[PDB]
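Structure record follows, encoded as structure tokens.
For this chain, numbers begin at 1 and follow the sequence in order. For ligands, and for the atoms within them, numbers begin at 1 and follow the listed sequence.
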Amino acid sequence: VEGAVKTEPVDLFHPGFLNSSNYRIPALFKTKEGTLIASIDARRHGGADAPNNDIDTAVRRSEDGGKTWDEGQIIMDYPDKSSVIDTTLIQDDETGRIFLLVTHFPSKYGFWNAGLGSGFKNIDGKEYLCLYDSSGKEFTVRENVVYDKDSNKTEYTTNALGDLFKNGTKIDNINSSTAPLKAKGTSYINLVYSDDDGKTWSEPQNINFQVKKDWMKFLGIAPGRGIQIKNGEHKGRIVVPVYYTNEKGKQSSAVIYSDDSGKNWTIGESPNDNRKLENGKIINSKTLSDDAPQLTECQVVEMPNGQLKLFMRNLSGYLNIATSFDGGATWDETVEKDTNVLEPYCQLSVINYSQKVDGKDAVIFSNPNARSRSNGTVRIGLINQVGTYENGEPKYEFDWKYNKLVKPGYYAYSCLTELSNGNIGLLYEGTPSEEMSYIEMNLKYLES
Ligand SMILES: [Ca+2]
Ligand SMILES: [Ca+2]
């Protein structure tokens, strides 16, 4: 239609960019200053997941609304097949700080073989990263100084990137396959930040000691974006979707969040905690022993009153949606199955939209609308209150009134953003692990 915009795809990441053969896992975010930040996994040895790769985090920026992009940079790169995978972007609008979080594994580890727990030990009221020698003896890192099990200082120190120094000389890195002292082989959540609109980034902080429980095996970022709550009693809270496995390997979604501008973090309950399944069975994420109720990668949006909605990858074939009345600390016992939205067991993107559509608050959604990773479709969901819960809170559901096919054929992970002009940017996996495509769309197109 006249005035509709759907730009021809640009390969924002592609084989050879930053000398990486492969790319996967898009994240896309517009900063308060109007800059677009795109992050991605630079998968250097193919498209495979950790541990069968060496994966770094790459970032590109656009200062002109996505028309042109910079030359890129690598912002986290560990040695020897230690990988960072699955990025997410969020900003604290009060401080202008941008956050990027990612999952990190030492060499040889990934989802399936992750060890239990955080990899930290409490010594006299502070958590310290553990290191292990060849015989399995346990050491702790205390303000970057390595102590043995009898609390004697050793000759070793570390840095934030895991380099291992003997008397001040680098000898290895605690994430490698050869270091004489190694971190526990498990997942870790890393956090970096930028105070200059994404041009430069801090070195990673390992926040596992705050967010990973002793009974979790894997805990990872659910890739895409987070939110900062705009309304109500938890205004300002930074919310970052995650998912984890228990000791039996079964997956449940949650969010981690910060009320102090990213300094400290907490993990909330999963929607699988005290979940009431369809016919009344009650489950918990710690004890879940069946595949069918699993909840995995997810993205979160906010309702007009501040209520949160967690949209989740799951095994039902359809979108699942959880509701939180308390800023992501806990979820209502009922997970909605929205049979109007196919979910082929793939990551999805959902965002709030800043203007009403047809008189209603709205969200924008992207996923493969099929029983396979194909038929990539962007939707506009209109929020409607459909009643109240027994506790008197509003109950909201979505009217998926506008649904537009944007990518025939292959379509896997994706990430949306609203642009400064009110249009929609989208970065998507239109190939398995090679070209990652960016387009801009307007609502005239999406509603046509
Ligand atoms: Ca690397
Ligand atoms: Ca619950």
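- For an aromatic pair to be called close, the ring centres must be under 6.0 Å apart, and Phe325 with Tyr389 satisfies this.
- Using a cut-off of 3.0 Å, one finds that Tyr78 contributes an N/O/S atom close to the Ca ion (ligand 1).
- For the residue pair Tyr428 / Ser366, no side-chain donor-acceptor distance below 3.5 Å is found, with atom types taken as modelled.
- For the pair O of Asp273 and O of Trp331, the angle at the Ca ion (ligand 2) is about 160°; rounding is to 10 degrees.
- Counting non-hydrogen atoms of neighbouring residues, nucleotides and ligands closer than 6.0 angstrom, the CD atom of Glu203 reaches no more than 12 such neighbours.
- Residues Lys235 and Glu233 are not paired through a salt bridge, judged by the lack of any N-O separation under 4.0 Å between the basic side chain and the carboxylate.
- With respect to the Ca ion (ligand 1), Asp54 has OD1 as its nearest N, O or S atom.
- For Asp56, the N, O or S atom closest to the Ca ion (ligand 1) goes by the atom name OD1.
- In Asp77, the N, O or S atom that comes nearest to the Ca ion (ligand 1) is OD1.
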With ring-ring contact (aromatic ring centres under 6.0 Å, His included) as the criterion, how do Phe209 and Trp265 come out once you've worked through the C-alpha distance, each side chain's angles and the decisive distance to 0.1 Å?
CA-CA 9 Å; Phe209 69 100; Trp265 295 83; over 10 Å; no
